[PDB]
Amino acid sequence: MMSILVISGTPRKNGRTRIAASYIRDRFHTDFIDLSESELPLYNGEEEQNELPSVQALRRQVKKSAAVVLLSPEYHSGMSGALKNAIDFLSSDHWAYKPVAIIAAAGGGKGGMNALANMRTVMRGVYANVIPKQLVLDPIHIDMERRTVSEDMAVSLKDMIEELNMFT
């Protein structure tokens, strides 16, 4: 399913979001953008950034994807600045009508729902079609030592991919 693009929105190379994103990439054989090892600079509006290979690659990969799984940690009740910075390079030219499944990684408790709301609002702002199924990944869902997701989360992610494909 290389027509699906998984975007790992944590900038932390050891972040939980990246464990979940890499799991999805390998389980469903997707394309991948990893914001913990990206050469993207901070967007600054200057024309020269349009010529940067990292920016050109981001735009090309997002535009070509048939569907996106968008993962972000919840940092201070919003998506990560790293993910929002990447989105600021993009527009409805890359996203319009694209099916998108959103996942937030949180710290437990009630966390993650504010990031999901922020992601849904921004995705609608680029005219994406965010599917109803959304997920919060808590620490209980991530095995740090084995670098994978829990059994129940794996079932949930399969259901999410099935719904994403239905909207594609």
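Start at 1 and count along the sequence shown; that's the residue number.
State which stretch shows the higher mean Cα B factor in the entry: 129 to 137 or 111 to 119. The recorded data point to 129 to 137.
Quick check: 147 to 155 versus 15 to 23, which has the larger average CA B-factor in the record? The stretch with the larger mean CA B-factor is 147 to 155.
Grab the CA temperature factor for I7 from the record and place it in the lowest, middle or highest third of its chain. Ranked within chain, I7 CA B lands in the lowest tercile.
Test of reading the entry: by CA B factor among the chain's modelled residues, which third contains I33? For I33, the deposited C-alpha B-factor lands in the middle third.
Modelled-residue ranking by C-alpha temperature factor, third containing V100: Lowest third, going by the recorded CA B-factors of the chain.
What third of the chain, by the recorded C-alpha B-factor, contains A106? For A106, the deposited C-alpha B-factor lands in the middle third.
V55's Cα B-factor: lowest, middle or highest third of the chain? According to the entry, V55 has a C-alpha B-factor in the chain's lowest third.
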